[PDB]
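J.: Have a look at this one.
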Amino acid sequence: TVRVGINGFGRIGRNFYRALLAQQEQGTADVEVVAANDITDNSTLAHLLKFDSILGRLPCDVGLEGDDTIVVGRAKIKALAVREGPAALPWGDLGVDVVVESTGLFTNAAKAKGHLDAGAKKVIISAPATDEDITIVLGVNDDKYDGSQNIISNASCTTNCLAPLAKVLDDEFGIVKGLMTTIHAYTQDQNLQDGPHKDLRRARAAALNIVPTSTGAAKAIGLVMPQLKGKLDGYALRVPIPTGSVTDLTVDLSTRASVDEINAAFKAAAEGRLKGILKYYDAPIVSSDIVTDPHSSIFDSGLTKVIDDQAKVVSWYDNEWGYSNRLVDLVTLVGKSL
Amino acid sequence: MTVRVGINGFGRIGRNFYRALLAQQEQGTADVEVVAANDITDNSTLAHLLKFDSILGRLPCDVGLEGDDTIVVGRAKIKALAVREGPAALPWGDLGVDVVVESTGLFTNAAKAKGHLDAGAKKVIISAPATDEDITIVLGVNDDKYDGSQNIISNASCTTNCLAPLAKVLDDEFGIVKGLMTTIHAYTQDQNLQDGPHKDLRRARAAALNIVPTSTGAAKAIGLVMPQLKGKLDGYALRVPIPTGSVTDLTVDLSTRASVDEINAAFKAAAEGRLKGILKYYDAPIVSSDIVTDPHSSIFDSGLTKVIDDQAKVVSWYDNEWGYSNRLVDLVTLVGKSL
Amino acid sequence: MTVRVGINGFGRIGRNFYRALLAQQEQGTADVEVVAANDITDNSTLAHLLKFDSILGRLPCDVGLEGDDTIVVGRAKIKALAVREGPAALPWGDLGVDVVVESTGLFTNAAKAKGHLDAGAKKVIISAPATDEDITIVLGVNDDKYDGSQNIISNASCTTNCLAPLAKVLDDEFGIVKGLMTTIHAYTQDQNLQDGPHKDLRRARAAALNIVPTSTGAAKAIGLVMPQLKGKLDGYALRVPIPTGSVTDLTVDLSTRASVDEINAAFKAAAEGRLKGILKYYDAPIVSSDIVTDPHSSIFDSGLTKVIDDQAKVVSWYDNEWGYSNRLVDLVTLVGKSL
Amino acid sequence: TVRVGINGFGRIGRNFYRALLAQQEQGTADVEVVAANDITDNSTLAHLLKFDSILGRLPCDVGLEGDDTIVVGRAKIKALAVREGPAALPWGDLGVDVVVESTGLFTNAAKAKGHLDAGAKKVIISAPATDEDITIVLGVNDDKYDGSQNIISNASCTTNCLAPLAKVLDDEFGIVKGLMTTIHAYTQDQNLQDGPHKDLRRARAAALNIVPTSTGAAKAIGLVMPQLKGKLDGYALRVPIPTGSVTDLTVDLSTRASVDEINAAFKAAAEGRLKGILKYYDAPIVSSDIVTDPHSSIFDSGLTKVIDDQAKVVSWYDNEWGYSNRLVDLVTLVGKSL
Ligand SMILES: NC(=O)c1ccc[n+]([C@@H]2O[C@H](COP(=O)([O-])OP(=O)(O)OC[C@H]3O[C@@H](n4cnc5c(N)ncnc54)[C@H](O)[C@@H]3O)[C@@H](O)[C@H]2O)c1
Ligand SMILES: NC(=O)c1ccc[n+]([C@@H]2O[C@H](COP(=O)([O-])OP(=O)(O)OC[C@H]3O[C@@H](n4cnc5c(N)ncnc54)[C@H](O)[C@@H]3O)[C@@H](O)[C@H]2O)c1
Ligand SMILES: NC(=O)c1ccc[n+]([C@@H]2O[C@H](COP(=O)([O-])OP(=O)(O)OC[C@H]3O[C@@H](n4cnc5c(N)ncnc54)[C@H](O)[C@@H]3O)[C@@H](O)[C@H]2O)c1
Ligand SMILES: NC(=O)c1ccc[n+]([C@@H]2O[C@H](COP(=O)([O-])OP(=O)(O)OC[C@H]3O[C@@H](n4cnc5c(N)ncnc54)[C@H](O)[C@@H]3O)[C@@H](O)[C@H]2O)c1
């Protein structure tokens, strides 16, 4: 059993824990979480884990003690008082193998190495990192991971959806250039009301309007697909929706492909080399049908449009549940190396 | 010389047209006057929905009622609303109505919309993409193509009044080879509040609980107002939990490789020149809340512009309710200037 | 040995009733089976609305179609939906339907609901307050008052199924002199997405853009299930931008002076004893998002309980879609046991 | 012109400034804002003031410089760098007479006295205070303010609505006791997603559910109406709405009155002693008709019900715009004593 410790038991931290529990019920997971770190007490963390506004209530019973939270008889050391850097957490004492860094403040590998120095064997950053050992999207460049990587980045949720769509289009037809627009759900980093913020777009009320923000999912596509480095760029549009997002990639193809050709190539890729990561839809679905869906990219074949050499591909993705299931699959791949 | 206007369908677009007409009269840039309104409800409900609005708030004028006419302020509008049959049953000729604004949504076909003309109307303006209409007009694009020989007039969609100025500037300055569109739109009344039956299984879902991808012909029928771009554009729509206010995201391949500053300066010159009042230039990090109750038909956001070689992505905001209705008022004044 | 059920109105309550039946069948506490569903749409839209739900997510079972029948998983439900007329036109006897769950909302009057009985149904359950019905039953309150001689059975409001357990515990333990309630309800399909015509000018406004205060007969008609409280209770409703999930706030004057701890202890004993399955006791800081997809009729929130002398305010949550539909499942199983 | 300095240019602060500008356009205002403090640069404050998600765009042009933000012909020194206590802000150097405390962290008069030490003549806290000189609700106990008060508070947004309703009910029929439930708009103190918070109820997603929270609006009614001290109590329920709230007071009356009697007493009070504070409405209005309404209490006569002596009175109020107009009117009343 791979011992995992979460740093930042927020939305992604609790989604990773719930996806790990669901994947253990499905049998495709072996790691267990033994520690969680956050800037709050165990009572608040246990209440936020039991009652979720988006994922509902947890089927297991959740209890507390004095420093640990008890779920299904299992116990997780709520080592949350560590308000300093990641090197202050006692991962070595708890025997934690893989650490899921999900605070949002330690995206730099120079800082993210504090987990490794504290006793951890490997670190998985749940966001685009800097100076990281490798940026992995499960199903795209997961084969490029040997045993010589410790600061591993699962990239962004948008990157985990754009990479499969761009991989199929480039490997089957070739990508000359593309511009994407991900229509994203609002996240905790936005303001509920009009208040100060480093981003004047996300400074506005998140639930009252649509805030166009930036993203590095397309500009950093070379981190997982080096042949597409500098060929993609785009931004994001935060809509009043809790979870569930969609990517709208408009790309010029090297070879002219029809709508039927692109849809047939995505259907064969979803049921083959990308089975479990990419899913093919021929049904008129909405984002409510994407909430709690573990797939990284949900290709919507109905919204495909092609003129001459320019093609628009639309693919859904759950920014919380789908990305956390990839963090579970990545923690299992790294745990297989430990 | 006041043009007499009659509204068929006093819904969201109908009341926004009356409010934009009243606001343009207070500004002095309007001469038409609405004299009649028809719906499928009594005059008390129409007067209440006009006074109290969830998006535009309360009306600054007092609103009263009688038995067959609704009185705003020093103004009387014959609430000829009992006419629930075809458009020919309405007494447009008896009431002396010059221009009829069709805003019900069920009379988009010019074959049925011709009943207004048979009923005594001089010109008919459909507030939606029509079929077999005399002309499809987008103010600021092909408004000059309207002479005196048109009676069944149409004003295209809310999305079209935003895409057309953006594609016109890009083609006149850099040339458009082909482009694809995704308009992020506010939800409209034709959507269901909860999951219920609907001809569109996408719009059948809860409008405020998710994003419904639906189809649109704004880009596919761009040749109706820009024949040089006919068949060069296509796209769809994505309804989001917002009452009013939408945005268009056009990714287009250009004939000539242009820079970000070139595209922004070209749109800025158009907004300050030939498209003053139709296109607006924004160099500030704005959001859709700033677009609510904005009379412009296309609000170009220069900060969201991106380009790769010749492929450019242009983002432009527009209020699908207020901005479109102000264009309907300007179109009614243009039609009144002919007859 | 399986009681055959047919749903008239496969809307929100209709699909929630079918999903609650399937979940109760997987738990083993249900024997009735739904064999027919009538709606104003084809079987394709019915299967799509059943498979994909905006609140309840996707169905774990696979859903297929044919030409007139929608196949769940192994089971087939005749989508007898062409019956767009009154409830007497549906062929319940030809389909062999024993109990009919009326959930269209347009056939709440017993003069219409009797059409199911004339069509071959043995018993009818209206998922709403009815007029001139045989009996109005709230499970856990007056469920004993049902003998074999009732056919026009009506389950009360979702608000009544939450207010009745509160008023029952308060009256049986402390006595109720008078009370005034205010239920904070989620928006429902009968409201408008934008400002449009409606019989209720309050519910005529945009449901998700504001809070619409509407009236309700939940508290005024409590005497139908507790005669000792007839006329002693009254209240209204306040629709808030929420898909599913509501809460009741009952301010009641008690006959005997009781403390906050005494009221919470009596409700905790009732939830753990006489009202196990209908009333739930919560000592955790819960919100309405913790109430969605909860089968309990009333979820008493002990933290929000307050009293001043003999005036007490009791707060209890309830899921107006899922929790109410489970009570329709239990009522259909009880009536099916009477056959 | 009364010199005013804002400490906390957030939602309430910018609502106070916009209400001051609108009241100056109406002609019934003389105060002028000269400073603003907000733990963010002048550029973010100028952008948040020009563009509002609820109040729309500002009709005046808004520009910036290096430390001051320009309205139109008016320049306001954005003294926002004062990140320490209120005693460190230079109110005396700028010549500010009255200071509007709107941060929410200096409600206690022990810390709020820093404004007076910094050179301010009077202090107006935009929230319930502790150890304050006097708690004033305009239209109720505003006459109890002489020149011998320096640290004044305007109570809560809910109190400014319950006080007129409780005053009319007590002066006409008498109040034995009452329990209220204010259905409130969500505010900045709530979380957008499920995250840690001092209040586990307000820790949940504010826009995805209703958060029941406590309030001292009814419990502290004795600060402005001593005869009702301890006779009123209630809580709050935050609903997914940006601005605009409503109070639902169920109160036992000393004399059994009818629905027509209570509605007639409220109509005469709104047309008499409470003209400008209480609004009477006979139309089926909703909260969208209450947004941006300067009244302190909008009595809805249609939602009134009675049985014996227990009556339920419903009154709307805009927690943002209406409360800020009461702050503007209070600043004009306090400035009249200088
Ligand atoms: N859908 C998504 O939200 C999503 C998707 C992909 C990636 N990510 C990335 O994952 C990370 C987490 O996202 P989220 O939405 O769950 O964020 P969140 O704000 O909901 O949770 C972040 C957590 O960090 C905690 N934290 C803050 N300071 C800390 C400290 N000093 N030590 C420990 N914990 C601390 C917070 O208290 C909170 O629990 C971010 O980097 C985000 O960009 C998020
Ligand atoms: N809503 C927008 O932003 C927008 C933008 C562009 C175009 N449009 C189009 O404009 C049209 C109207 O839009 P809306 O939002 O005002 O629609 P709506 O459904 O909100 O209002 C339509 C009105 O027509 C009335 N009506 C129904 N049947 C009628 C009949 N037989 N005779 C007369 N009146 C009748 C209805 O009662 C209602 O008042 C539609 O075609 C719509 O697609 C809407
Ligand atoms: N929504 C709730 O939470 C809730 C709770 C308790 C009771 N109810 C009651 O349920 C009924 C409405 O259910 P709902 O609001 O959940 O969903 P809904 O409005 O979708 O239910 C009605 C359904 O009946 C269908 N239908 C079938 N035959 C029909 C016919 N001949 N004419 C018209 N429609 C027909 C409609 O198409 C629709 O799908 C009302 O009686 C309401 O008071 C609803
Ligand atoms: N929100 C309402 O509707 C409402 C109504 C009545 C009273 N109030 C009360 O008014 C106060 C402010 O409410 P709000 O909604 O404007 O709050 P907010 O959090 O939205 O805004 C407060 C502002 O204070 C600024 N600020 C200045 N100095 C600060 C410092 N040292 N530390 C942190 N922030 C600092 C913040 O940057 C922010 O802009 C609170 O006491 C609140 O309870 C609010």
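Here, residue 1 is simply the first one shown, and the rest follow in order.
Backbone N, Cα and C atoms are what each Cβ position is placed from, and that goes for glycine too.
So Swiss-Prot lists these for the protein:
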type	residues	note
BINDING	A:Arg11, A:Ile12, A:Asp38, A:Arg83, A:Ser126, A:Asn319	NAD(+) binding site
BINDING	A:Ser156, A:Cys157, A:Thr158, A:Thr187, A:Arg202, A:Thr215, A:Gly216, A:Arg238	D-glyceraldehyde 3-phosphate binding site
ACT_SITE	A:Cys157	active site, nucleophile
SITE	A:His184	site 'Activates thiol group during catalysis'
J.: Which recorded positions from the set A:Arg11, A:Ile12, A:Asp38, A:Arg83, A:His184 come within 10 angstroms of A:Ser156 (D-glyceraldehyde 3-phosphate binding site), judged by C-alpha positions?
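T.: So the list is empty; none.
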J.: How big is the Cα-to-Cα gap, in Å, between A:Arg83 (NAD(+) binding site) and A:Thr187 (D-glyceraldehyde 3-phosphate binding site)?
T.: 23
J.: Near A:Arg11 (NAD(+) binding site), meaning Cα within 10 Å, which of A:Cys157, A:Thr158, A:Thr187, A:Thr215 (binding-site residues)?
T.: A:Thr187
J.: Have a look at the binding-site residues A:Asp38, A:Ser126, A:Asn319 and say which one has the shortest Cα distance to A:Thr187 (D-glyceraldehyde 3-phosphate binding site).
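T.: So, of the listed binding-site residues, the one sitting closest to A:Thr187 (D-glyceraldehyde 3-phosphate binding site) is A:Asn319.
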J.: Taking chain D as the partner, extract the binding-site residues from A:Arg11, A:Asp38, A:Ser156, A:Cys157, A:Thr187 whose Cβ is under 8 Å from a partner Cβ; order them by sequence and answer 'none' if none remain.
T.: A:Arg11, A:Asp38, A:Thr187
J.: I'd like to confirm something. Which of the binding-site residues, A:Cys157, A:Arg202, A:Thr215, A:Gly216, has a Cα closest to the Cα of A:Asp38 (NAD(+) binding site)?
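T.: If we rank A:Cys157, A:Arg202, A:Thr215, A:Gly216 by Cα distance to A:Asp38 (NAD(+) binding site), first place goes to A:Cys157.
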J.: List the recorded positions A:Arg11, A:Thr158, A:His184, A:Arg202, A:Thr215, A:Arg238 whose Cβ sits under 6 Å from any atom of ligand 1, in sequence order.
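T.: With ligand 1 as the reference and 6 Å as the Cβ limit, the list reads A:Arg11.
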J.: In DSSP terms, helix, strand or coil for A:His184 (site 'Activates thiol group during catalysis')?
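T.: The three-state answer is strand.
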J.: Near A:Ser126 (NAD(+) binding site), meaning Cα within 10 Å, which of A:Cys157, A:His184, A:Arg202, A:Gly216, A:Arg238 (recorded positions)?
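T.: So the list is A:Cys157.
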J.: Taking each of A:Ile12, A:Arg202, A:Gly216 in turn, which of these binding-site residues have a Cα lying within 10 angstroms of the Cα of A:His184 (site 'Activates thiol group during catalysis')?
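T.: If one measures from the Cα of A:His184 (site 'Activates thiol group during catalysis'), no binding-site residues come within 10 Å, so the answer is none.
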J.: Rank the binding-site residues A:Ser156, A:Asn319 by how many other Cβ atoms lie within 10 Å of each Cβ and give me the one with the fewest.
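T.: A:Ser156, out of the binding-site residues A:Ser156, A:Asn319, has the fewest neighbouring Cβ atoms within 10 Å.
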J.: For A:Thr215 (D-glyceraldehyde 3-phosphate binding site) and A:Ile12 (NAD(+) binding site), determine the Cα separation and express it in whole Å.
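T.: Cα-Cα, rounded: 18 Å.
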J.: Within its own chain, what residues at least 6 apart in sequence put their Cβ under 8 Å from the Cβ of A:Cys157 (D-glyceraldehyde 3-phosphate binding site), listed in sequence order?
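T.: Expected: A:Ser245, A:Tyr317, A:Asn319, A:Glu320, A:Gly322, A:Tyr323.
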J.: Only counting partners 6 or more residues apart, tell me which same-chain residues put their Cβ under 8 Å from the Cβ of A:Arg238 (D-glyceraldehyde 3-phosphate binding site).
T.: A:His184, A:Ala185, A:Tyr186, A:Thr187, A:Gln190, A:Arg202, A:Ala206, A:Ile210, A:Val211, A:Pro212, A:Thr213
J.: State the Cα to Cα distance, in Å, between A:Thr158 (D-glyceraldehyde 3-phosphate binding site) and A:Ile12 (NAD(+) binding site), rounded to an integer.
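T.: Rounded to the nearest whole number, the Cα-Cα distance is 14 Å.
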J.: I'd like to know which of the binding-site residues A:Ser126, A:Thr158, A:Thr187, A:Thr215 has the most other Cβ atoms within 10 Å of its Cβ.
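T.: When each Cβ's neighbours within 10 Å are tallied, A:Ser126 leads.
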J.: Can you give me the Cα-Cα distance between A:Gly216 (D-glyceraldehyde 3-phosphate binding site) and A:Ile12 (NAD(+) binding site) in Å, rounded to a whole number?
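T.: Their Cα atoms are separated by 19 Å.
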J.: For the binding-site residues A:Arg83, A:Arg202, work out the Cβ neighbour count at 10 Å and name the residue with the minimum.
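T.: Fewest other Cβ atoms within 10 Å, among the binding-site residues A:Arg83, A:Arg202, is found for A:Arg83.
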J.: Please give the maximum pairwise Cα distance, in Å and rounded to a whole number, for the D-glyceraldehyde 3-phosphate-binding set A:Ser156, A:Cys157, A:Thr158, A:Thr187, A:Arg202, A:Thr215, A:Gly216, A:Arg238.
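T.: Max Cα-Cα spread across the D-glyceraldehyde 3-phosphate binders: 18 Å.
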J.: Please state whether DSSP places A:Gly216 (D-glyceraldehyde 3-phosphate binding site) in a helix, a strand or coil.
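T.: Where A:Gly216 (D-glyceraldehyde 3-phosphate binding site) sits, the three-state DSSP reduction gives coil.
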J.: Within 10 angstroms of the C-beta of A:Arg11 (NAD(+) binding site), what count of other C-beta atoms is obtained when all protein chains are considered?
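T.: 25, counting other Cβ atoms within 10 Å of A:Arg11 (NAD(+) binding site).
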